[PDB]
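Q: My structure is in model.txt, and what it holds is compact mmCIF, C-alpha atoms and all ligand atoms:
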# COMPACT_ATOMS: atom_id res chain seq x y z
CA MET K 199 -42.26 -149.03 -52.96
CA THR K 200 -38.92 -147.28 -52.41
CA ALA K 201 -37.16 -145.71 -55.38
CA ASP K 202 -34.77 -148.67 -55.43
CA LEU K 203 -37.49 -151.38 -55.42
CA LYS K 204 -39.76 -149.62 -57.94
CA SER K 205 -36.73 -149.07 -60.15
CA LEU K 206 -35.83 -152.79 -59.89
CA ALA K 207 -39.30 -153.82 -60.95
CA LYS K 208 -38.99 -151.47 -63.94
CA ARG K 209 -35.56 -152.86 -64.85
CA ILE K 210 -36.98 -156.38 -64.81
CA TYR K 211 -39.96 -155.36 -66.93
CA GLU K 212 -37.75 -153.63 -69.50
CA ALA K 213 -35.49 -156.70 -69.70
CA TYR K 214 -38.56 -158.85 -70.32
CA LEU K 215 -39.77 -156.58 -73.16
CA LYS K 216 -36.32 -156.64 -74.72
CA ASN K 217 -35.61 -160.36 -74.50
CA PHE K 218 -38.91 -162.14 -75.28
CA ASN K 219 -40.17 -162.07 -78.87
CA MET K 220 -43.73 -162.36 -77.57
CA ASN K 221 -45.28 -160.22 -74.88
CA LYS K 222 -48.85 -160.09 -73.70
CA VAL K 223 -49.69 -156.80 -75.44
CA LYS K 224 -48.23 -158.02 -78.74
CA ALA K 225 -50.18 -161.29 -78.39
CA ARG K 226 -53.46 -159.56 -77.61
CA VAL K 227 -53.11 -157.28 -80.65
CA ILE K 228 -52.80 -160.39 -82.85
CA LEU K 229 -55.48 -162.41 -81.06
CA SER K 230 -57.97 -159.55 -81.46
CA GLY K 231 -57.90 -159.86 -85.24
CA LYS K 232 -56.57 -156.30 -85.21
CA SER K 234 -53.22 -156.15 -90.28
CA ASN K 235 -50.15 -157.29 -92.22
CA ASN K 236 -49.19 -160.98 -91.97
CA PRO K 237 -52.28 -161.99 -89.92
CA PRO K 238 -52.05 -165.44 -88.34
CA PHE K 239 -52.77 -168.58 -90.36
CA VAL K 240 -55.57 -170.50 -88.59
CA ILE K 241 -54.68 -174.18 -88.12
CA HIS K 242 -57.85 -176.07 -87.23
CA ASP K 243 -57.53 -179.35 -89.13
CA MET K 244 -55.00 -181.35 -91.15
CA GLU K 245 -55.53 -179.42 -94.37
CA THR K 246 -54.80 -176.12 -92.66
CA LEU K 247 -51.88 -177.55 -90.71
CA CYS K 248 -50.30 -178.67 -93.96
CA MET K 249 -50.91 -175.32 -95.66
CA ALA K 250 -49.43 -173.44 -92.67
CA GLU K 251 -46.37 -175.73 -92.68
CA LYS K 252 -45.66 -175.07 -96.34
CA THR K 253 -45.50 -171.35 -95.70
CA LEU K 254 -44.10 -171.13 -92.16
CA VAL K 255 -41.85 -174.19 -91.69
CA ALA K 256 -41.26 -175.12 -95.31
CA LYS K 257 -38.06 -177.13 -94.71
CA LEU K 258 -39.89 -179.50 -92.38
CA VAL K 259 -42.31 -180.60 -95.09
CA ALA K 260 -39.97 -180.47 -98.10
CA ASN K 261 -39.12 -184.20 -97.88
CA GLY K 262 -41.86 -185.69 -100.05
CA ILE K 263 -43.09 -188.98 -98.63
CA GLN K 264 -40.14 -188.94 -96.21
CA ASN K 265 -41.92 -186.19 -94.26
CA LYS K 266 -42.66 -187.27 -90.73
CA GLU K 267 -46.18 -187.92 -89.44
CA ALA K 268 -48.14 -184.73 -88.71
CA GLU K 269 -48.08 -185.28 -84.94
CA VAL K 270 -44.30 -185.70 -85.00
CA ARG K 271 -43.86 -182.53 -87.08
CA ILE K 272 -46.05 -180.68 -84.59
CA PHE K 273 -44.00 -181.98 -81.68
CA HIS K 274 -40.80 -180.92 -83.46
CA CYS K 275 -42.21 -177.41 -83.77
CA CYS K 276 -43.12 -177.49 -80.07
CA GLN K 277 -39.53 -178.30 -79.24
CA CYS K 278 -38.13 -175.59 -81.51
CA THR K 279 -40.33 -173.12 -79.71
CA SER K 280 -38.99 -174.30 -76.34
CA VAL K 281 -35.37 -174.07 -77.53
CA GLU K 282 -35.92 -170.46 -78.62
CA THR K 283 -37.64 -169.58 -75.34
CA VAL K 284 -34.76 -171.13 -73.39
CA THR K 285 -32.37 -168.76 -75.25
CA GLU K 286 -34.59 -165.78 -74.42
CA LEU K 287 -34.85 -166.79 -70.75
CA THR K 288 -31.09 -167.17 -70.49
CA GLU K 289 -30.56 -163.56 -71.59
CA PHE K 290 -33.43 -162.26 -69.46
CA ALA K 291 -31.93 -163.85 -66.33
CA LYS K 292 -29.03 -161.36 -66.42
CA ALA K 293 -31.38 -158.54 -65.35
CA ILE K 294 -32.16 -160.28 -62.05
CA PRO K 295 -30.08 -158.77 -59.17
CA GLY K 296 -27.42 -161.23 -58.14
CA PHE K 297 -28.04 -163.83 -60.88
CA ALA K 298 -24.97 -162.86 -62.97
CA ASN K 299 -22.94 -162.78 -59.73
CA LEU K 300 -23.72 -166.44 -59.05
CA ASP K 301 -21.28 -169.18 -59.89
CA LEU K 302 -21.67 -170.27 -63.51
CA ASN K 303 -22.79 -173.76 -62.45
CA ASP K 304 -25.53 -172.34 -60.22
CA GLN K 305 -26.78 -170.19 -63.11
CA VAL K 306 -27.05 -173.39 -65.16
CA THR K 307 -28.95 -175.26 -62.45
CA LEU K 308 -31.43 -172.45 -61.94
CA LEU K 309 -32.11 -172.20 -65.66
CA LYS K 310 -32.37 -176.00 -65.97
CA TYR K 311 -35.19 -176.29 -63.40
CA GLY K 312 -36.79 -172.95 -64.05
CA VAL K 313 -37.07 -172.78 -67.87
CA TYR K 314 -40.10 -175.05 -68.32
CA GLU K 315 -41.98 -173.48 -65.44
CA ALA K 316 -41.35 -170.10 -67.03
CA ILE K 317 -42.26 -171.44 -70.48
CA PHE K 318 -45.66 -172.64 -69.32
CA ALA K 319 -46.34 -169.46 -67.35
CA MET K 320 -45.58 -167.27 -70.41
CA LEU K 321 -47.44 -169.58 -72.77
CA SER K 322 -50.63 -168.41 -71.08
CA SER K 323 -50.12 -165.02 -72.71
CA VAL K 324 -50.53 -166.54 -76.19
CA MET K 325 -53.49 -168.79 -75.22
CA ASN K 326 -57.20 -168.20 -75.16
CA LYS K 327 -59.92 -170.76 -74.57
CA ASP K 328 -60.01 -171.61 -78.30
CA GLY K 329 -56.35 -171.88 -79.26
CA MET K 330 -52.90 -170.38 -79.15
CA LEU K 331 -50.44 -168.30 -81.17
CA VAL K 332 -47.50 -170.12 -82.72
CA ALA K 333 -44.64 -169.46 -85.10
CA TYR K 334 -43.70 -165.98 -83.92
CA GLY K 335 -47.31 -164.86 -83.98
CA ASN K 336 -47.98 -166.03 -87.52
CA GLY K 337 -50.20 -169.03 -86.74
CA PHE K 338 -53.17 -169.67 -84.47
CA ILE K 339 -53.61 -173.39 -83.74
CA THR K 340 -56.90 -174.45 -82.23
CA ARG K 341 -57.23 -176.18 -78.90
CA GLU K 342 -59.65 -178.64 -80.49
CA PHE K 343 -57.19 -179.51 -83.24
CA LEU K 344 -54.49 -180.25 -80.70
CA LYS K 345 -56.96 -182.46 -78.77
CA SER K 346 -57.71 -184.34 -82.00
CA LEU K 347 -54.14 -185.57 -82.54
CA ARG K 348 -53.39 -189.23 -82.03
CA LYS K 349 -52.28 -190.29 -78.57
CA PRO K 350 -49.93 -189.41 -76.93
CA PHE K 351 -49.54 -186.11 -78.78
CA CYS K 352 -53.07 -184.91 -77.97
CA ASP K 353 -52.10 -185.02 -74.31
CA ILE K 354 -49.32 -182.40 -74.51
CA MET K 355 -51.14 -179.10 -74.71
CA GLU K 356 -54.45 -179.53 -72.91
CA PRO K 357 -53.05 -179.31 -69.34
CA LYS K 358 -51.23 -176.13 -70.37
CA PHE K 359 -54.49 -174.63 -71.62
CA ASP K 360 -56.09 -175.61 -68.30
CA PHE K 361 -53.32 -173.86 -66.40
CA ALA K 362 -53.49 -170.84 -68.70
CA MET K 363 -57.21 -170.23 -68.47
CA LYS K 364 -57.00 -169.83 -64.70
CA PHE K 365 -53.71 -167.94 -64.86
CA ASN K 366 -55.13 -165.51 -67.41
CA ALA K 367 -58.16 -164.89 -65.17
CA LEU K 368 -55.75 -163.21 -62.72
CA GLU K 369 -55.40 -160.47 -65.37
CA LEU K 370 -51.66 -160.01 -64.93
CA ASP K 371 -49.83 -157.64 -67.26
CA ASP K 372 -46.21 -158.02 -68.34
CA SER K 373 -44.99 -155.79 -65.56
CA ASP K 374 -46.32 -158.54 -63.26
CA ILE K 375 -45.34 -161.48 -65.45
CA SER K 376 -41.76 -160.30 -65.84
CA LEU K 377 -41.29 -160.33 -62.04
CA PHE K 378 -43.11 -163.69 -61.74
CA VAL K 379 -40.74 -165.24 -64.29
CA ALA K 380 -37.75 -163.74 -62.46
CA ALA K 381 -39.06 -165.29 -59.21
CA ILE K 382 -39.43 -168.69 -60.91
CA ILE K 383 -35.82 -168.58 -61.98
CA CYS K 384 -34.75 -167.68 -58.35
CA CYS K 385 -35.76 -170.79 -56.42
CA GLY K 386 -33.26 -171.74 -53.77
CA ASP K 387 -34.65 -175.27 -53.40
CA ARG K 388 -33.56 -176.54 -56.80
CA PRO K 389 -31.52 -179.77 -56.57
CA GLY K 390 -27.75 -179.42 -56.82
CA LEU K 391 -27.12 -175.73 -56.04
CA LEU K 392 -23.65 -174.82 -54.71
CA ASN K 393 -24.49 -171.58 -52.89
CA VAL K 394 -28.03 -172.04 -51.59
CA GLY K 395 -27.81 -169.16 -49.15
CA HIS K 396 -26.94 -166.55 -51.76
CA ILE K 397 -29.67 -167.87 -54.05
CA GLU K 398 -32.17 -167.70 -51.20
CA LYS K 399 -31.26 -164.05 -50.62
CA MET K 400 -31.52 -163.34 -54.34
CA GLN K 401 -34.94 -165.03 -54.30
CA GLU K 402 -36.06 -163.05 -51.26
CA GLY K 403 -35.12 -159.81 -52.99
CA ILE K 404 -37.04 -160.49 -56.20
CA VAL K 405 -40.04 -161.90 -54.34
CA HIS K 406 -40.11 -158.75 -52.21
CA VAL K 407 -40.12 -156.63 -55.39
CA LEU K 408 -42.92 -158.87 -56.76
CA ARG K 409 -45.01 -158.53 -53.59
CA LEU K 410 -44.73 -154.73 -53.52
CA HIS K 411 -45.41 -154.47 -57.26
CA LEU K 412 -48.58 -156.60 -57.02
CA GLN K 413 -49.77 -154.52 -54.06
CA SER K 414 -49.42 -151.37 -56.18
CA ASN K 415 -50.56 -152.70 -59.56
CA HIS K 416 -53.46 -154.86 -58.29
CA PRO K 417 -55.05 -152.98 -55.37
CA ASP K 418 -58.28 -154.88 -55.99
CA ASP K 419 -56.91 -158.39 -55.25
CA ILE K 420 -55.47 -158.66 -51.76
CA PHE K 421 -54.65 -162.36 -52.27
CA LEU K 422 -52.76 -161.94 -55.58
CA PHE K 423 -49.30 -162.58 -54.12
CA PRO K 424 -50.23 -165.89 -52.40
CA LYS K 425 -52.20 -166.88 -55.52
CA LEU K 426 -48.97 -166.48 -57.52
CA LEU K 427 -46.93 -168.41 -54.97
CA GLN K 428 -49.42 -171.24 -55.47
CA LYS K 429 -49.14 -170.89 -59.25
CA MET K 430 -45.42 -171.45 -58.93
CA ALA K 431 -46.05 -174.71 -57.11
CA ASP K 432 -48.66 -175.69 -59.67
CA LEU K 433 -46.11 -175.03 -62.44
CA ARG K 434 -43.53 -177.25 -60.83
CA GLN K 435 -46.13 -180.05 -60.86
CA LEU K 436 -47.17 -179.28 -64.47
CA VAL K 437 -43.52 -179.60 -65.48
CA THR K 438 -43.02 -182.89 -63.67
CA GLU K 439 -46.04 -184.26 -65.49
CA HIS K 440 -44.87 -182.81 -68.81
CA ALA K 441 -41.47 -184.45 -68.43
CA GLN K 442 -43.20 -187.79 -67.75
CA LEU K 443 -45.16 -187.47 -71.01
CA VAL K 444 -42.02 -186.50 -72.93
CA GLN K 445 -40.33 -189.65 -71.58
CA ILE K 446 -43.28 -191.71 -72.86
CA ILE K 447 -42.86 -190.10 -76.28
CA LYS K 448 -39.13 -190.74 -76.21
CA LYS K 449 -39.65 -194.42 -75.38
CA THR K 450 -42.56 -195.18 -77.70
CA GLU K 451 -42.25 -192.71 -80.65
CA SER K 452 -39.02 -193.44 -82.53
CA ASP K 453 -39.54 -190.60 -85.06
CA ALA K 454 -39.96 -187.88 -82.41
CA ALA K 455 -36.31 -186.94 -81.99
CA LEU K 456 -35.57 -184.81 -78.91
CA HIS K 457 -33.44 -181.74 -79.44
CA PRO K 458 -30.14 -182.15 -77.53
CA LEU K 459 -30.56 -178.94 -75.50
CA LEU K 460 -33.95 -180.11 -74.26
CA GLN K 461 -32.66 -183.61 -73.55
CA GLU K 462 -30.01 -182.03 -71.30
CA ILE K 463 -32.64 -179.94 -69.50
CA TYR K 464 -34.72 -183.06 -68.86
CA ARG K 465 -31.77 -185.24 -67.81
CA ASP K 466 -31.81 -185.94 -64.05
CA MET K 467 -34.45 -183.25 -63.61
CA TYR K 468 -37.19 -185.17 -61.77
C1 LIG X 501 -46.85 -175.00 -88.08
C2 LIG X 501 -46.89 -174.68 -86.59
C3 LIG X 501 -47.24 -175.84 -85.65
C4 LIG X 501 -47.27 -175.23 -84.22
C5 LIG X 501 -47.26 -176.05 -82.90
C6 LIG X 501 -46.48 -175.18 -81.87
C7 LIG X 501 -46.75 -175.28 -80.36
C8 LIG X 501 -45.57 -174.59 -79.67
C9 LIG X 501 -45.94 -174.00 -78.31
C10 LIG X 501 -45.29 -174.67 -77.13
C11 LIG X 501 -45.35 -176.18 -77.15
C12 LIG X 501 -45.15 -176.63 -75.71
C13 LIG X 501 -43.67 -176.90 -75.47
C14 LIG X 501 -43.64 -178.20 -74.69
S1 LIG X 501 -43.66 -179.59 -75.83
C15 LIG X 501 -41.95 -179.76 -76.40
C16 LIG X 501 -41.01 -179.62 -75.23
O1 LIG X 501 -41.08 -180.44 -74.29
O2 LIG X 501 -40.16 -178.71 -75.25
For this file, produce the structure as structure tokens.
Ligand SMILES: CCCCCCCCCCCCCCSCC(=O)O

A:
Amino acid sequence: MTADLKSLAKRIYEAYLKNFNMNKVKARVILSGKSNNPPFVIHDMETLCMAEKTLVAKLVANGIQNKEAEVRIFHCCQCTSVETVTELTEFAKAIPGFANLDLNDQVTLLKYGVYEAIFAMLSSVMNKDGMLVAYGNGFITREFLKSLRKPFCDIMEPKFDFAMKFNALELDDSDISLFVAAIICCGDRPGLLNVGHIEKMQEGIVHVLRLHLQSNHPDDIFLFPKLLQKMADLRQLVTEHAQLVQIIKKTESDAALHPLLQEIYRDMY
């Protein structure tokens, strides 16, 4: 790894640590039970409702006008995505050539990349039993999410399935930061104006990723192609997620979609 490419990997990593509220080290410290403001455990309806009253009090301050639990949970899912979209938009500036792209191309890349990146990074807050939520202040169990009424019980399980395998690769955030940058730099997204420049930007970050994995994971000679496959798997996970969100939109009148997320989904797949 030349000084320039090692430096670029470090730049990316530092931008990740700055711009994401959650990183894998921070998540592991919490998940280990290692303590001021430890996470509320949400494993059933009683504990969901207690957690809501402390952590999202406005959402349950409406008396009997409060929405159904599953709809409140989905609203909190969406708020989490909106916040992660903001973080990803600032992170993207650290990627060589991204800020030099036409504004419309930056929008297109973020539109198609954000959910892939969201689900990749969600792995860092997931273990086989549950996941961190609410800025690290809740732990919601995988079984509780599976217990929700249909269709809401179908949202998170495929993301756990992705995450258990992704986490078995034992990436750290120096790896994950470059993987997220590579997700954002896909030249095959629909509607790009300057494909060739995006392809060169992609090639550059993927080269940095390949060299970084070779150095940081000398034990796994397949790690780079494994991650290329994970990117394809994410694209599929997102297509399926968008299909479920469309079902919710059509059949669940109380589950209002945030306008930023509606725009991301519009004409996506
Ligand atoms: C009191 C706390 C309740 C916590 C539930 C929070 C679960 C948020 C994590 C991500 C959800 C997945 C986002 C995809 S689902 C919404 C979307 O499509 O953006």

Q: So that I can check the surroundings of residue 359 of chain K, please list as a tab-separated table (two decimals) with C-alpha atoms, keeping the file's coordinate frame every protein, DNA and RNA residue that reaches within 12 Å of it, counting only C-alpha atoms and ignoring chain neighbours fewer than 5 positions away.

A:
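Writing the result to part.tsv gives the following:
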chain	number	residue	atom	x	y	z
K	318	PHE	CA	-45.66	-172.64	-69.32
K	319	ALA	CA	-46.34	-169.46	-67.35
K	320	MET	CA	-45.58	-167.27	-70.41
K	321	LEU	CA	-47.44	-169.58	-72.77
K	322	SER	CA	-50.63	-168.41	-71.08
K	323	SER	CA	-50.12	-165.02	-72.71
K	324	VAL	CA	-50.53	-166.54	-76.19
K	325	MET	CA	-53.49	-168.79	-75.22
K	326	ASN	CA	-57.20	-168.20	-75.16
K	327	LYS	CA	-59.92	-170.76	-74.57
K	328	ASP	CA	-60.01	-171.61	-78.30
K	329	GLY	CA	-56.35	-171.88	-79.26
K	330	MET	CA	-52.90	-170.38	-79.15
K	340	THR	CA	-56.90	-174.45	-82.23
K	341	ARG	CA	-57.23	-176.18	-78.90
K	342	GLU	CA	-59.65	-178.64	-80.49
K	344	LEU	CA	-54.49	-180.25	-80.70
K	345	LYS	CA	-56.96	-182.46	-78.77
K	353	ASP	CA	-52.10	-185.02	-74.31
K	354	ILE	CA	-49.32	-182.40	-74.51
K	364	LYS	CA	-57.00	-169.83	-64.70
K	365	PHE	CA	-53.71	-167.94	-64.86
K	366	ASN	CA	-55.13	-165.51	-67.41
K	436	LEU	CA	-47.17	-179.28	-64.47

Q: Taking all atoms of ligand LIG 501 (chain X) that appear in the file, build a box with edges along x, y and z, extend it by 3 Å on every side, and state its centre and edge lengths in Å to one decimal, as AutoDock Vina command-line options.

A:
--center_x -43.7 --center_y -177.2 --center_z -81.2 --size_x 13.1 --size_y 12.4 --size_z 19.8

Q: Have a look at K:240, K:298, K:444, K:405 and name the one nearest to residue 273 of chain K; count only C-alpha atoms.

A: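 Among K:240, K:298, K:444, K:405, it is K:444 that comes nearest to residue 273 of chain K.
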
Q: Considering all atoms listed in the file, give me a table of residues in chain K that are at most 6 Å from ligand LIG 501 (chain X), with the closest atom pair and distance in Å for each, as JSON lines.

A:
{"residue": "K:250", "atom": "CA", "partner": "X:LIG501", "partner_atom": "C1", "distance": 5.5}
{"residue": "K:251", "atom": "CA", "partner": "X:LIG501", "partner_atom": "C1", "distance": 4.7}
{"residue": "K:272", "atom": "CA", "partner": "X:LIG501", "partner_atom": "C5", "distance": 5.1}
{"residue": "K:275", "atom": "CA", "partner": "X:LIG501", "partner_atom": "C6", "distance": 5.2}
{"residue": "K:276", "atom": "CA", "partner": "X:LIG501", "partner_atom": "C8", "distance": 3.8}
{"residue": "K:277", "atom": "CA", "partner": "X:LIG501", "partner_atom": "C15", "distance": 4.0}
{"residue": "K:279", "atom": "CA", "partner": "X:LIG501", "partner_atom": "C8", "distance": 5.4}
{"residue": "K:280", "atom": "CA", "partner": "X:LIG501", "partner_atom": "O2", "distance": 4.7}
{"residue": "K:332", "atom": "CA", "partner": "X:LIG501", "partner_atom": "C6", "distance": 5.2}
{"residue": "K:333", "atom": "CA", "partner": "X:LIG501", "partner_atom": "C2", "distance": 5.9}

Q: For a quick check of understanding, using only C-alpha atoms, which of K:267, K:417, K:314, K:362 has the smallest distance to residue 438 of chain K?

A: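 Once distances to residue 438 of chain K are computed over only C-alpha atoms, the minimum belongs to K:314.
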
Q: With all atoms listed in the file as the counted atoms, please give the residues lying no more than 8 Å from segment 411-414 of chain K, apart from itself and same-chain residues fewer than 5 positions off, as a PyMOL selection string.

A: chain K and resi 199+204+207+374+420+422-423

Q: Given all atoms listed in the file as the basis, pick out the residue of K:282, K:269, K:418, K:387 nearest to residue 313 of chain K.

A: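 Smallest distance to residue 313 of chain K is found for K:282.
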
Q: Would you please work out which residue, of K:392, K:430, K:347, K:223, is nearest to residue 380 of chain K when using all atoms listed in the file?

A: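 Comparing K:392, K:430, K:347, K:223 against residue 380 of chain K, the winner is K:430.
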
Q: Which one is closest to residue 355 of chain K: K:403, K:268, K:339, K:454? Count only C-alpha atoms.

A: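 Looking only at the distances to residue 355 of chain K, the closest residue turns out to be K:339.
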
Q: Rank K:434, K:448, K:292, K:209 by their smallest atom-to-atom distance to residue 461 of chain K, using all atoms listed in the file, and report the top residue only.

A: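 Of the candidates, the smallest distance to residue 461 of chain K is held by K:448.
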
Q: For atom CA of residue 249 of chain K and atom CA of residue 265 of chain K, quote the distance in Å rounded to one decimal.

A: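 We find that atom CA of residue 249 of chain K and atom CA of residue 265 of chain K lie 14.2 Å from each other.
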
Q: Distance atom CA of residue 270 of chain K-atom CA of residue 453 of chain K, one decimal place?

A: 6.8 Å

Q: How far is it from atom CA of residue 316 of chain K to atom CA of residue 401 of chain K, in Å with one decimal?

A: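 Pair atom CA of residue 316 of chain K / atom CA of residue 401 of chain K returns 15.1 Å.
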
Q: Can we get segment 274-307 of chain K of that structure written down with C-alpha atoms, as a compact mmCIF listing (two decimals), in the first residue's frame?

A:
# COMPACT_ATOMS: atom_id res chain seq x y z
CA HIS K 274 -41.99 5.14 12.67
CA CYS K 275 -38.89 4.76 14.82
CA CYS K 276 -37.31 2.59 12.12
CA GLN K 277 -37.87 5.37 9.63
CA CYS K 278 -36.49 8.05 11.92
CA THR K 279 -33.37 5.97 12.29
CA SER K 280 -33.04 5.71 8.49
CA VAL K 281 -33.53 9.47 8.04
CA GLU K 282 -30.72 10.17 10.52
CA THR K 283 -28.42 7.62 8.87
CA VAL K 284 -29.12 9.19 5.47
CA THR K 285 -27.92 12.55 6.88
CA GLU K 286 -24.76 10.91 8.24
CA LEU K 287 -24.08 9.13 4.94
CA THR K 288 -24.49 12.36 3.00
CA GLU K 289 -21.75 14.04 5.04
CA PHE K 290 -19.51 10.96 4.97
CA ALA K 291 -19.66 10.84 1.16
CA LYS K 292 -17.60 14.06 0.95
CA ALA K 293 -14.48 12.18 2.10
CA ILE K 294 -14.58 9.90 -0.95
CA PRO K 295 -12.08 11.08 -3.64
CA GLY K 296 -13.99 12.57 -6.53
CA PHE K 297 -17.48 12.41 -4.97
CA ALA K 298 -17.66 16.16 -4.18
CA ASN K 299 -16.30 16.85 -7.68
CA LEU K 300 -19.25 15.08 -9.28
CA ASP K 301 -22.21 16.98 -10.64
CA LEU K 302 -24.74 17.68 -7.90
CA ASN K 303 -27.36 15.50 -9.60
CA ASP K 304 -24.98 12.54 -9.76
CA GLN K 305 -24.22 12.92 -6.04
CA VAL K 306 -27.98 12.71 -5.43
CA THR K 307 -28.40 9.59 -7.57
